[PDB]
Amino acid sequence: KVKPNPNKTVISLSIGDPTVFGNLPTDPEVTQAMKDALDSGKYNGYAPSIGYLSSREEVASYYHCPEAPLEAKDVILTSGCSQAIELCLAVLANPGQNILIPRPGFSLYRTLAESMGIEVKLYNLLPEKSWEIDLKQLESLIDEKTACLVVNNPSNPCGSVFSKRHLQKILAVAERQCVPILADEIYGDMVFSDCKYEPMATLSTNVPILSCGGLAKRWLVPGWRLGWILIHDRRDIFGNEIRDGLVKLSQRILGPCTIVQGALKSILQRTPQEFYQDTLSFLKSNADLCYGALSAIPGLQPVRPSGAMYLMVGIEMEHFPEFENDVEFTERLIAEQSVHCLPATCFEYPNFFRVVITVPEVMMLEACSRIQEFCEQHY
């Protein structure tokens, strides 16, 4: 809550909202589909709590392939991934049970499982190698009361996209301990690195998955609150016994705004690839600028991101005595420099901070030297 250096333009690197300085507005095809959808006035009344037939039908289509074959009925529409997790949890597990979380991971999985009456077990991401999961951790963090396994790919906060392999390896671990994999993939298709993109379910054969996702992150309409559970029952471990748990639960807050549901068929089919290409294009460059300069600075260890909208830097508490935690670090930083970074304590991973890359480059750059002026005095 400390005030900035009133003598320097405040630079906020910590907030994930792409649309803050509006250099990432959404495609006018998105904006139109909503207006088109309003204009027909076909969508102002009640829908099923699970969402419109047609809307559900159409998102189901967008994410379909023989490997992970999707049908109208394995789709549920919810007002964001916040629900897509909220519900996805309530159905799999009850108070006094346990789920496998990332470290570092979205501070949300906690605020929920804890607030749902679930006790949390956190597995480990490996900075040394692309923040990939620790397989020892995982295999033997399992329980009797282990309901589930949560995988976030691409990652907030890591910036990471997993290899076509590591994914099969993670899928190897679930059939050896008989556990569900909420695959939080709200960041799906949000990659730019050399490496193409793999939705985790396309690579499954004996593993039950429930996939989150939605507009908020790709189409940069985060305040619009639409999202979907994609169910992926391979081997009838789930069956109708689980599907009803969602249909029943859904009826508590009754899903998303109907305009957004209306406009969904059209947002999916009418958005030009030149929209995405642009987005990820500008998310490589800014990531690379951020990466280079920060890696150039002595005392900080930026881990190159392959996707999503962040990267993690590691504070080498070897030449930084003044500060004794990343918490105090971002703190004197914010006060002295006016640069807002998020202390990675929040993601349950101290000695580190998260920097988003959606901020303009001319700003990434200006903010980058500030950070350097900070470390040629403290490392």
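Note that residue numbering follows the sequence shown and begins at 1.
- Checked against the record, the higher mean CA B factor of 218-226 and 242-250 lies with 242-250.
- The question of which stretch, 274-282 or 90-98, has the higher mean Cα B factor is settled in favour of 90-98.
- Comparing the C-alpha B-factors of 48, 321, 45, 28 in the entry, the top value falls on 321.
- The PDB entry gives the largest Cα B-factor of the residues 308, 237, 212, 267 to 237.
- Among the modelled residues of its chain, residue 291 has a C-alpha B-factor that falls in the lowest third, as given in the PDB entry.
- Annotation for residue 8: CA B-factor lies in the middle third of the chain's modelled residues.
- The PDB entry assigns residue 199 a C-alpha temperature factor belonging to the highest third of its chain's modelled residues.
- The entry lists a Cα temperature factor for residue 327 that places it in the highest third of the chain's modelled residues.
- Among the modelled residues of its chain, residue 157 has a C-alpha B-factor that falls in the lowest third, as given in the PDB entry.
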